[PDB]
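Student: Just one file: target.pdb, with PDB, C-alpha atoms.
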ATOM      1  CA  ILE A 146    -220.750 -37.167 107.349
ATOM      2  CA  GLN A 147    -216.883 -36.844 106.820
ATOM      3  CA  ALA A 148    -217.776 -39.432 104.176
ATOM      4  CA  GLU A 149    -220.803 -37.731 102.393
ATOM      5  CA  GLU A 150    -220.040 -36.717  98.749
ATOM      6  CA  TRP A 151    -221.340 -33.118  99.328
ATOM      7  CA  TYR A 152    -219.738 -32.497 102.713
ATOM      8  CA  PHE A 153    -216.575 -30.460 102.216
ATOM      9  CA  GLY A 154    -215.821 -30.038 105.927
ATOM     10  CA  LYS A 155    -214.053 -26.975 107.159
ATOM     11  CA  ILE A 156    -213.205 -25.136 103.934
ATOM     12  CA  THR A 157    -213.455 -21.326 103.994
ATOM     13  CA  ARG A 158    -215.998 -19.167 102.234
ATOM     14  CA  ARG A 159    -213.305 -18.104  99.712
ATOM     15  CA  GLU A 160    -212.308 -21.768  99.062
ATOM     16  CA  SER A 161    -216.005 -22.739  98.384
ATOM     17  CA  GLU A 162    -216.570 -19.764  96.130
ATOM     18  CA  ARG A 163    -213.365 -20.805  94.296
ATOM     19  CA  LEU A 164    -214.465 -24.437  94.047
ATOM     20  CA  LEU A 165    -217.992 -23.484  92.901
ATOM     21  CA  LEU A 166    -217.526 -20.568  90.367
ATOM     22  CA  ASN A 167    -217.219 -22.507  87.289
ATOM     23  CA  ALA A 168    -219.309 -21.894  84.123
ATOM     24  CA  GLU A 169    -219.112 -25.524  83.089
ATOM     25  CA  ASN A 170    -221.194 -26.408  86.258
ATOM     26  CA  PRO A 171    -225.007 -26.241  86.227
ATOM     27  CA  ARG A 172    -226.772 -23.830  88.597
ATOM     28  CA  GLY A 173    -227.746 -25.365  91.883
ATOM     29  CA  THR A 174    -224.281 -27.127  92.138
ATOM     30  CA  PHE A 175    -223.515 -27.121  95.862
ATOM     31  CA  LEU A 176    -221.398 -28.184  98.849
ATOM     32  CA  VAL A 177    -222.023 -28.185 102.656
ATOM     33  CA  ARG A 178    -219.223 -26.871 104.787
ATOM     34  CA  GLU A 179    -218.790 -25.559 108.297
ATOM     35  CA  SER A 180    -219.444 -21.906 109.017
ATOM     36  CA  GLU A 181    -216.171 -20.065 109.735
ATOM     37  CA  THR A 182    -218.358 -17.492 111.533
ATOM     38  CA  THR A 183    -220.954 -19.273 113.696
ATOM     39  CA  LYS A 184    -219.504 -21.881 115.880
ATOM     40  CA  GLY A 185    -221.582 -24.967 115.335
ATOM     41  CA  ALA A 186    -223.346 -23.874 112.149
ATOM     42  CA  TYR A 187    -223.082 -25.209 108.705
ATOM     43  CA  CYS A 188    -223.343 -23.464 105.446
ATOM     44  CA  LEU A 189    -224.895 -24.552 102.140
ATOM     45  CA  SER A 190    -223.034 -22.723  99.296
ATOM     46  CA  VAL A 191    -224.921 -22.999  95.940
ATOM     47  CA  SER A 192    -223.870 -21.449  92.533
ATOM     48  CA  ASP A 193    -226.503 -19.457  90.712
ATOM     49  CA  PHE A 194    -226.663 -17.320  87.590
ATOM     50  CA  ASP A 195    -228.328 -13.917  87.355
ATOM     51  CA  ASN A 196    -228.194 -12.243  83.881
ATOM     52  CA  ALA A 197    -226.509  -9.196  85.446
ATOM     53  CA  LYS A 198    -224.394 -10.723  88.234
ATOM     54  CA  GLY A 199    -223.469 -13.682  86.058
ATOM     55  CA  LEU A 200    -222.217 -16.609  88.029
ATOM     56  CA  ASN A 201    -222.437 -16.107  91.802
ATOM     57  CA  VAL A 202    -222.425 -18.363  94.765
ATOM     58  CA  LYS A 203    -225.038 -17.810  97.617
ATOM     59  CA  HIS A 204    -224.300 -18.983 101.199
ATOM     60  CA  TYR A 205    -227.209 -20.188 103.417
ATOM     61  CA  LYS A 206    -226.357 -20.694 107.145
ATOM     62  CA  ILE A 207    -227.712 -24.013 108.579
ATOM     63  CA  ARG A 208    -228.326 -23.911 112.381
ATOM     64  CA  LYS A 209    -228.382 -26.910 114.565
ATOM     65  CA  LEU A 210    -231.332 -26.758 117.053
ATOM     66  CA  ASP A 211    -230.287 -27.559 120.663
ATOM     67  CA  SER A 212    -232.274 -30.868 120.568
ATOM     68  CA  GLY A 213    -230.330 -31.826 117.358
ATOM     69  CA  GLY A 214    -232.381 -30.771 114.300
ATOM     70  CA  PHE A 215    -231.216 -28.446 111.445
ATOM     71  CA  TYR A 216    -232.947 -25.541 109.630
ATOM     72  CA  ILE A 217    -232.422 -22.886 107.026
ATOM     73  CA  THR A 218    -236.058 -21.465 107.481
ATOM     74  CA  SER A 219    -239.051 -21.786 109.854
ATOM     75  CA  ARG A 220    -241.058 -23.695 107.329
ATOM     76  CA  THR A 221    -239.092 -26.991 107.815
ATOM     77  CA  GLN A 222    -236.459 -28.538 110.126
ATOM     78  CA  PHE A 223    -234.615 -31.804 109.413
ATOM     79  CA  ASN A 224    -233.387 -34.382 111.857
ATOM     80  CA  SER A 225    -230.210 -34.748 109.836
ATOM     81  CA  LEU A 226    -228.025 -32.924 107.361
ATOM     82  CA  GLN A 227    -228.625 -35.587 104.764
ATOM     83  CA  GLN A 228    -232.422 -35.119 105.044
ATOM     84  CA  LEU A 229    -231.951 -31.395 104.515
ATOM     85  CA  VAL A 230    -229.813 -31.874 101.297
ATOM     86  CA  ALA A 231    -232.366 -34.462 100.129
ATOM     87  CA  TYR A 232    -235.354 -32.162 100.702
ATOM     88  CA  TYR A 233    -233.748 -29.111  98.959
ATOM     89  CA  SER A 234    -232.652 -31.196  96.004
ATOM     90  CA  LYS A 235    -236.403 -31.834  95.439
ATOM     91  CA  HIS A 236    -237.706 -28.353  96.622
ATOM     92  CA  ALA A 237    -235.775 -25.007  96.541
ATOM     93  CA  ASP A 238    -238.253 -23.451  99.065
ATOM     94  CA  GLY A 239    -236.509 -20.160  99.185
ATOM     95  CA  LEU A 240    -233.053 -21.028  97.868
ATOM     96  CA  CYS A 241    -231.912 -19.497  94.575
ATOM     97  CA  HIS A 242    -232.126 -22.917  92.795
ATOM     98  CA  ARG A 243    -232.962 -26.447  93.974
ATOM     99  CA  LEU A 244    -229.722 -28.311  94.597
ATOM    100  CA  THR A 245    -228.582 -30.215  91.453
ATOM    101  CA  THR A 246    -224.968 -31.438  91.151
ATOM    102  CA  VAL A 247    -222.533 -31.850  94.141
ATOM    103  CA  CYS A 248    -219.425 -29.686  93.542
ATOM    104  CA  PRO A 249    -216.935 -31.541  91.258
TER     105      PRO A 249
ATOM    106  CA  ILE B 146    -193.920 -35.225  86.165
ATOM    107  CA  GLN B 147    -197.070 -36.250  84.147
ATOM    108  CA  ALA B 148    -196.035 -39.885  84.491
ATOM    109  CA  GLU B 149    -195.021 -39.877  88.179
ATOM    110  CA  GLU B 150    -196.858 -42.573  90.069
ATOM    111  CA  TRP B 151    -197.707 -40.195  92.879
ATOM    112  CA  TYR B 152    -198.680 -37.229  90.628
ATOM    113  CA  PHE B 153    -202.419 -36.971  89.934
ATOM    114  CA  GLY B 154    -202.551 -33.814  87.803
ATOM    115  CA  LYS B 155    -205.680 -31.668  87.807
ATOM    116  CA  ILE B 156    -208.044 -33.969  89.750
ATOM    117  CA  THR B 157    -210.365 -32.046  92.051
ATOM    118  CA  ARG B 158    -210.158 -31.741  95.799
ATOM    119  CA  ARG B 159    -213.263 -33.804  95.963
ATOM    120  CA  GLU B 160    -211.944 -36.615  93.661
ATOM    121  CA  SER B 161    -208.679 -36.806  95.678
ATOM    122  CA  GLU B 162    -210.617 -37.495  98.847
ATOM    123  CA  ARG B 163    -212.710 -40.115  97.009
ATOM    124  CA  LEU B 164    -209.420 -41.818  96.005
ATOM    125  CA  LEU B 165    -207.777 -41.601  99.478
ATOM    126  CA  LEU B 166    -210.671 -42.453 101.788
ATOM    127  CA  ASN B 167    -210.730 -46.216 101.446
ATOM    128  CA  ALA B 168    -210.090 -49.117 103.742
ATOM    129  CA  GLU B 169    -207.209 -50.430 101.625
ATOM    130  CA  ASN B 170    -205.142 -47.345 102.243
ATOM    131  CA  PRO B 171    -202.630 -47.010 105.216
ATOM    132  CA  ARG B 172    -202.541 -43.729 107.106
ATOM    133  CA  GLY B 173    -200.041 -41.714 105.162
ATOM    134  CA  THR B 174    -201.325 -42.695 101.672
ATOM    135  CA  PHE B 175    -200.871 -39.609  99.522
ATOM    136  CA  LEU B 176    -200.948 -37.915  96.167
ATOM    137  CA  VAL B 177    -199.675 -34.630  94.749
ATOM    138  CA  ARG B 178    -202.033 -32.590  92.424
ATOM    139  CA  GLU B 179    -202.565 -29.079  91.241
ATOM    140  CA  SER B 180    -204.383 -26.817  93.646
ATOM    141  CA  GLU B 181    -207.846 -26.033  92.099
ATOM    142  CA  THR B 182    -208.135 -22.942  94.220
ATOM    143  CA  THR B 183    -204.604 -21.365  93.897
ATOM    144  CA  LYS B 184    -203.251 -21.445  90.358
ATOM    145  CA  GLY B 185    -199.623 -22.164  90.356
ATOM    146  CA  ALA B 186    -199.581 -24.009  93.729
ATOM    147  CA  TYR B 187    -199.704 -27.804  94.235
ATOM    148  CA  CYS B 188    -201.321 -29.867  96.931
ATOM    149  CA  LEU B 189    -200.198 -32.857  99.000
ATOM    150  CA  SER B 190    -203.310 -34.813 100.049
ATOM    151  CA  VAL B 191    -202.674 -37.368 102.858
ATOM    152  CA  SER B 192    -205.034 -39.959 104.336
ATOM    153  CA  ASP B 193    -205.245 -40.168 108.051
ATOM    154  CA  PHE B 194    -207.581 -41.392 110.691
ATOM    155  CA  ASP B 195    -208.530 -41.098 114.222
ATOM    156  CA  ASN B 196    -210.927 -43.159 116.332
ATOM    157  CA  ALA B 197    -213.207 -40.105 116.668
ATOM    158  CA  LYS B 198    -213.819 -38.925 113.050
ATOM    159  CA  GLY B 199    -212.538 -42.203 111.348
ATOM    160  CA  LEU B 200    -210.711 -41.792 108.011
ATOM    161  CA  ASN B 201    -210.169 -38.166 106.778
ATOM    162  CA  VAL B 202    -207.861 -36.433 104.306
ATOM    163  CA  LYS B 203    -205.593 -33.450 105.214
ATOM    164  CA  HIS B 204    -204.597 -31.111 102.354
ATOM    165  CA  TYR B 205    -201.284 -29.192 102.530
ATOM    166  CA  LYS B 206    -200.643 -26.507  99.892
ATOM    167  CA  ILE B 207    -197.227 -26.620  98.097
ATOM    168  CA  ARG B 208    -196.003 -23.246  96.978
ATOM    169  CA  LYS B 209    -193.598 -22.735  94.163
ATOM    170  CA  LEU B 210    -190.726 -20.284  94.801
ATOM    171  CA  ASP B 211    -189.758 -17.965  91.921
ATOM    172  CA  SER B 212    -186.222 -19.407  92.083
ATOM    173  CA  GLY B 213    -187.481 -22.979  91.290
ATOM    174  CA  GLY B 214    -188.017 -24.593  94.671
ATOM    175  CA  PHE B 215    -191.051 -25.853  96.601
ATOM    176  CA  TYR B 216    -192.114 -25.729 100.268
ATOM    177  CA  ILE B 217    -194.857 -26.550 102.726
ATOM    178  CA  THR B 218    -193.005 -24.894 105.716
ATOM    179  CA  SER B 219    -190.164 -22.415 106.382
ATOM    180  CA  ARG B 220    -188.220 -25.273 107.945
ATOM    181  CA  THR B 221    -186.992 -26.679 104.542
ATOM    182  CA  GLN B 222    -187.436 -25.896 100.840
ATOM    183  CA  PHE B 223    -186.906 -28.522  98.035
ATOM    184  CA  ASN B 224    -185.703 -28.265  94.478
ATOM    185  CA  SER B 225    -188.371 -30.694  93.187
ATOM    186  CA  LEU B 226    -191.622 -32.341  94.155
ATOM    187  CA  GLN B 227    -189.625 -35.606  94.019
ATOM    188  CA  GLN B 228    -187.410 -34.198  96.813
ATOM    189  CA  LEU B 229    -190.339 -32.993  98.851
ATOM    190  CA  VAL B 230    -192.064 -36.418  98.581
ATOM    191  CA  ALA B 231    -188.948 -38.253  99.640
ATOM    192  CA  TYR B 232    -188.387 -35.889 102.604
ATOM    193  CA  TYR B 233    -191.880 -36.290 104.011
ATOM    194  CA  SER B 234    -191.631 -40.099 103.602
ATOM    195  CA  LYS B 235    -188.732 -40.142 106.094
ATOM    196  CA  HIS B 236    -190.158 -37.235 108.227
ATOM    197  CA  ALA B 237    -193.704 -36.017 108.956
ATOM    198  CA  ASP B 238    -192.177 -32.695 110.134
ATOM    199  CA  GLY B 239    -195.474 -30.920 110.561
ATOM    200  CA  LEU B 240    -197.747 -33.249 108.590
ATOM    201  CA  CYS B 241    -200.354 -35.468 110.224
ATOM    202  CA  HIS B 242    -198.295 -38.567 109.291
ATOM    203  CA  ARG B 243    -195.217 -39.266 107.172
ATOM    204  CA  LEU B 244    -195.950 -40.306 103.666
ATOM    205  CA  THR B 245    -196.247 -44.093 103.527
ATOM    206  CA  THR B 246    -198.166 -45.370 100.461
ATOM    207  CA  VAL B 247    -198.406 -43.700  96.946
ATOM    208  CA  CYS B 248    -202.166 -43.614  96.326
ATOM    209  CA  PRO B 249    -203.214 -46.488  93.949
TER     210      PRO B 249
END
Turn the structure described in the file into structure tokens.
Tutor:
Amino acid sequence: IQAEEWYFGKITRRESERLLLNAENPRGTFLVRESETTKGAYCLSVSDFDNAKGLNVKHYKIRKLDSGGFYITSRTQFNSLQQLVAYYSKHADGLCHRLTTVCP
Amino acid sequence: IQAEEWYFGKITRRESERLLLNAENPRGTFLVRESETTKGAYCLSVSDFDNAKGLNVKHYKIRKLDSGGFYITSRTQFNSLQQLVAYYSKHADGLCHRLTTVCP
């Protein structure tokens, strides 16, 4: 995964909000990074646009089940991080937008 | 500096890693670019690898002093990015590896 286009490793929440808040990018642009906060968790930061809030980034924690799996909600779990990005690129299922472009 | 072989301008953090993470590059291949995230600072991106994570890129911010100079640590300051690049080619001096190859 150090070699996945969307995996930005251990960047901070500020760094990802800086990399993502760009009005030239389409909503649903995203990156997967490590959670600063929960040791062993990942985060899926996605930009969105709300008429009022304008451009905003949302952060979804991704927890690794003890067996190995990954989940954002109870509806679905993925056996890998790439299956999770793949699924949410086709179905938002709760996220603000389905994932479109990987962060530039 | 726009024509320096090692200077890669405004490329993104993500594009720098795409350039550096490649089998043809020695540990210590590098480039200098603008920091996307901190206007007015630069960034020295260096390829490295370990037998655990494989090839990975380390990013070191380069701050510009108001008096002209540049630094990555309090140990030494440099009057130009040319000076900084030459110093870290002879000495890692904090960095994961001394600078060996200008990124192709």
Student: Report the residues retrieved by the ChimeraX specification (/B :<7) & /A from the displayed file, expressed as a count of residues only.
Tutor: 5
Student: Do you have the atom CA of residue 150 of chain B-atom CA of residue 176 of chain B distance handy?
Tutor: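 Calculated distance between atom CA of residue 150 of chain B and atom CA of residue 176 of chain B is 8.7 Å.
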Student: Calculate how many Å separate atom CA of residue 227 of chain B from atom CA of residue 173 of chain B, rounding to one decimal.
Tutor: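 Result for atom CA of residue 227 of chain B versus atom CA of residue 173 of chain B: 16.4 Å, one decimal.
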Student: As AutoDock Vina command-line options, please: the centre and edge lengths in Å, to one decimal, of an axis-aligned box enclosing every listed atom of segment 216-222 of chain A with 5 Å added on each side.
Tutor:
--center_x -236.7 --center_y -25.0 --center_z 108.6 --size_x 18.6 --size_y 17.1 --size_z 13.1
Student: Using all atoms listed in the file, which protein or nucleic acid residues come within 10 Å of residue 209 of chain A? Drop anything in the same chain fewer than 2 positions from it, and give the result as number ranges by chain.
Tutor: A: 185-187, 206-207, 211-217, 222-226
Student: To one decimal place in Å, what is the distance between atom CA of residue 197 of chain B and atom CA of residue 179 of chain A?
Tutor: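 Computing the Euclidean distance for atom CA of residue 197 of chain B and atom CA of residue 179 of chain A yields 17.7 Å.
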